[PDB]
Amino acid sequence: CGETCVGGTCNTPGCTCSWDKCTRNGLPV
């Protein structure tokens, strides 16, 4: 996803917030 999160908020559903960035499938998709 490559997104960013302000505490844990992600845009694309399925993207998990980690280190202020949303990853997917265990990688920054």
# chains A, B, ... in the order shown; residues from 1 in each chain; ligands from 1

$ residues_around --residues "segment 20-25 of chain A" --least-positions-apart "5" --cutoff "6 Å" --atoms "only C-alpha atoms" --output "MDAnalysis selection string"
chainID A and resid 1:5 15

$ select_by_dssp --residues "chain A" --states "strand (DSSP E)" --output "number ranges by chain"
A: 3-4, 16-18, 21-23

$ write_last_selection --atoms "N, CA and C atoms" --output "PDB file, in the first residue's frame"
ATOM      1  N   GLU A   3       1.033   3.395   2.104  1.00  0.00           N
ATOM      2  CA  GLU A   3       0.337   4.471   2.799  1.00  0.00           C
ATOM      3  C   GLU A   3       1.026   4.843   4.104  1.00  0.00           C
ATOM      4  N   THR A   4       0.431   5.799   4.787  1.00  0.00           N
ATOM      5  CA  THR A   4       0.912   6.267   6.069  1.00  0.00           C
ATOM      6  C   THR A   4      -0.258   6.359   7.028  1.00  0.00           C
ATOM      7  N   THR A  16      -2.414  -2.896   6.863  1.00  0.00           N
ATOM      8  CA  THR A  16      -2.120  -2.843   8.286  1.00  0.00           C
ATOM      9  C   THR A  16      -1.087  -1.774   8.585  1.00  0.00           C
ATOM     10  N   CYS A  17      -1.379  -0.965   9.582  1.00  0.00           N
ATOM     11  CA  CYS A  17      -0.500   0.114   9.969  1.00  0.00           C
ATOM     12  C   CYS A  17       0.677  -0.380  10.805  1.00  0.00           C
ATOM     13  N   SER A  18       1.872  -0.013  10.372  1.00  0.00           N
ATOM     14  CA  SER A  18       3.105  -0.379  11.045  1.00  0.00           C
ATOM     15  C   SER A  18       4.158   0.692  10.769  1.00  0.00           C
ATOM     16  N   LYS A  21       3.188   3.509   8.644  1.00  0.00           N
ATOM     17  CA  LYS A  21       2.999   3.185   7.236  1.00  0.00           C
ATOM     18  C   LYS A  21       2.150   1.936   7.115  1.00  0.00           C
ATOM     19  N   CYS A  22       1.299   1.897   6.118  1.00  0.00           N
ATOM     20  CA  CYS A  22       0.421   0.752   5.938  1.00  0.00           C
ATOM     21  C   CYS A  22       1.016  -0.276   4.984  1.00  0.00           C
ATOM     22  N   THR A  23       1.165  -1.490   5.490  1.00  0.00           N
ATOM     23  CA  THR A  23       1.706  -2.598   4.728  1.00  0.00           C
ATOM     24  C   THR A  23       0.604  -3.599   4.417  1.00  0.00           C
TER      25      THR A  23
END

$ decode --residues "chain A" --atoms "N, CA and C atoms" --output "PDB file, in the first residue's frame"
ATOM      1  N   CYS A   1       0.836  -1.191   0.000  1.00  0.00           N
ATOM      2  CA  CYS A   1       0.000   0.000   0.000  1.00  0.00           C
ATOM      3  C   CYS A   1       0.877   1.249   0.000  1.00  0.00           C
ATOM      4  N   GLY A   2       1.927   1.217   0.820  1.00  0.00           N
ATOM      5  CA  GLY A   2       2.851   2.335   0.910  1.00  0.00           C
ATOM      6  C   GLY A   2       2.259   3.541   1.614  1.00  0.00           C
ATOM      7  N   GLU A   3       1.033   3.395   2.104  1.00  0.00           N
ATOM      8  CA  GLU A   3       0.337   4.471   2.799  1.00  0.00           C
ATOM      9  C   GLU A   3       1.026   4.843   4.104  1.00  0.00           C
ATOM     10  N   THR A   4       0.431   5.799   4.787  1.00  0.00           N
ATOM     11  CA  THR A   4       0.912   6.267   6.069  1.00  0.00           C
ATOM     12  C   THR A   4      -0.258   6.359   7.028  1.00  0.00           C
ATOM     13  N   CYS A   5       0.014   6.217   8.303  1.00  0.00           N
ATOM     14  CA  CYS A   5      -1.036   6.276   9.303  1.00  0.00           C
ATOM     15  C   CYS A   5      -0.667   7.185  10.450  1.00  0.00           C
ATOM     16  N   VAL A   6      -1.635   7.972  10.879  1.00  0.00           N
ATOM     17  CA  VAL A   6      -1.441   8.889  11.984  1.00  0.00           C
ATOM     18  C   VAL A   6      -1.853   8.210  13.279  1.00  0.00           C
ATOM     19  N   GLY A   7      -1.106   7.185  13.640  1.00  0.00           N
ATOM     20  CA  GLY A   7      -1.403   6.445  14.843  1.00  0.00           C
ATOM     21  C   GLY A   7      -1.930   5.056  14.551  1.00  0.00           C
ATOM     22  N   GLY A   8      -2.363   4.824  13.314  1.00  0.00           N
ATOM     23  CA  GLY A   8      -2.871   3.510  12.966  1.00  0.00           C
ATOM     24  C   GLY A   8      -3.992   3.537  11.944  1.00  0.00           C
ATOM     25  N   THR A   9      -4.316   4.714  11.435  1.00  0.00           N
ATOM     26  CA  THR A   9      -5.385   4.841  10.461  1.00  0.00           C
ATOM     27  C   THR A   9      -4.893   4.679   9.021  1.00  0.00           C
ATOM     28  N   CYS A  10      -5.396   3.651   8.353  1.00  0.00           N
ATOM     29  CA  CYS A  10      -5.047   3.377   6.961  1.00  0.00           C
ATOM     30  C   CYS A  10      -6.242   3.665   6.061  1.00  0.00           C
ATOM     31  N   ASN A  11      -5.981   3.960   4.793  1.00  0.00           N
ATOM     32  CA  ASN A  11      -7.048   4.270   3.849  1.00  0.00           C
ATOM     33  C   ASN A  11      -7.585   3.005   3.187  1.00  0.00           C
ATOM     34  N   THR A  12      -6.719   2.297   2.473  1.00  0.00           N
ATOM     35  CA  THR A  12      -7.124   1.081   1.785  1.00  0.00           C
ATOM     36  C   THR A  12      -7.380  -0.061   2.769  1.00  0.00           C
ATOM     37  N   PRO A  13      -8.623  -0.569   2.795  1.00  0.00           N
ATOM     38  CA  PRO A  13      -9.002  -1.666   3.677  1.00  0.00           C
ATOM     39  C   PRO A  13      -8.165  -2.901   3.398  1.00  0.00           C
ATOM     40  N   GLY A  14      -7.467  -3.356   4.420  1.00  0.00           N
ATOM     41  CA  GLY A  14      -6.608  -4.504   4.279  1.00  0.00           C
ATOM     42  C   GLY A  14      -5.172  -4.137   4.539  1.00  0.00           C
ATOM     43  N   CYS A  15      -4.907  -2.842   4.560  1.00  0.00           N
ATOM     44  CA  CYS A  15      -3.567  -2.352   4.819  1.00  0.00           C
ATOM     45  C   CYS A  15      -3.373  -2.172   6.318  1.00  0.00           C
ATOM     46  N   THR A  16      -2.414  -2.896   6.863  1.00  0.00           N
ATOM     47  CA  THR A  16      -2.120  -2.843   8.286  1.00  0.00           C
ATOM     48  C   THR A  16      -1.087  -1.774   8.585  1.00  0.00           C
ATOM     49  N   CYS A  17      -1.379  -0.965   9.582  1.00  0.00           N
ATOM     50  CA  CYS A  17      -0.500   0.114   9.969  1.00  0.00           C
ATOM     51  C   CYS A  17       0.677  -0.380  10.805  1.00  0.00           C
ATOM     52  N   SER A  18       1.872  -0.013  10.372  1.00  0.00           N
ATOM     53  CA  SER A  18       3.105  -0.379  11.045  1.00  0.00           C
ATOM     54  C   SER A  18       4.158   0.692  10.769  1.00  0.00           C
ATOM     55  N   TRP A  19       4.759   1.230  11.829  1.00  0.00           N
ATOM     56  CA  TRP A  19       5.776   2.279  11.699  1.00  0.00           C
ATOM     57  C   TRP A  19       5.227   3.468  10.907  1.00  0.00           C
ATOM     58  N   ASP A  20       3.991   3.843  11.234  1.00  0.00           N
ATOM     59  CA  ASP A  20       3.287   4.958  10.595  1.00  0.00           C
ATOM     60  C   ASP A  20       3.120   4.758   9.089  1.00  0.00           C
ATOM     61  N   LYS A  21       3.188   3.509   8.644  1.00  0.00           N
ATOM     62  CA  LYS A  21       2.999   3.185   7.236  1.00  0.00           C
ATOM     63  C   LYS A  21       2.150   1.936   7.115  1.00  0.00           C
ATOM     64  N   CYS A  22       1.299   1.897   6.118  1.00  0.00           N
ATOM     65  CA  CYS A  22       0.421   0.752   5.938  1.00  0.00           C
ATOM     66  C   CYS A  22       1.016  -0.276   4.984  1.00  0.00           C
ATOM     67  N   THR A  23       1.165  -1.490   5.490  1.00  0.00           N
ATOM     68  CA  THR A  23       1.706  -2.598   4.728  1.00  0.00           C
ATOM     69  C   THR A  23       0.604  -3.599   4.417  1.00  0.00           C
ATOM     70  N   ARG A  24       0.908  -4.556   3.563  1.00  0.00           N
ATOM     71  CA  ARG A  24      -0.054  -5.571   3.190  1.00  0.00           C
ATOM     72  C   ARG A  24       0.676  -6.856   2.831  1.00  0.00           C
ATOM     73  N   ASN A  25       0.135  -7.983   3.281  1.00  0.00           N
ATOM     74  CA  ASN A  25       0.726  -9.304   3.031  1.00  0.00           C
ATOM     75  C   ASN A  25       2.136  -9.394   3.611  1.00  0.00           C
ATOM     76  N   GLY A  26       2.415  -8.553   4.597  1.00  0.00           N
ATOM     77  CA  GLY A  26       3.716  -8.549   5.235  1.00  0.00           C
ATOM     78  C   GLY A  26       4.759  -7.730   4.490  1.00  0.00           C
ATOM     79  N   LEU A  27       4.320  -6.820   3.623  1.00  0.00           N
ATOM     80  CA  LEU A  27       5.250  -5.976   2.879  1.00  0.00           C
ATOM     81  C   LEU A  27       4.572  -4.671   2.465  1.00  0.00           C
ATOM     82  N   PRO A  28       5.351  -3.593   2.278  1.00  0.00           N
ATOM     83  CA  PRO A  28       4.820  -2.275   1.907  1.00  0.00           C
ATOM     84  C   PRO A  28       4.218  -2.236   0.501  1.00  0.00           C
ATOM     85  N   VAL A  29       3.033  -2.812   0.357  1.00  0.00           N
ATOM     86  CA  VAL A  29       2.343  -2.832  -0.926  1.00  0.00           C
ATOM     87  C   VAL A  29       1.504  -1.572  -1.080  1.00  0.00           C
TER      88      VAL A  29
END
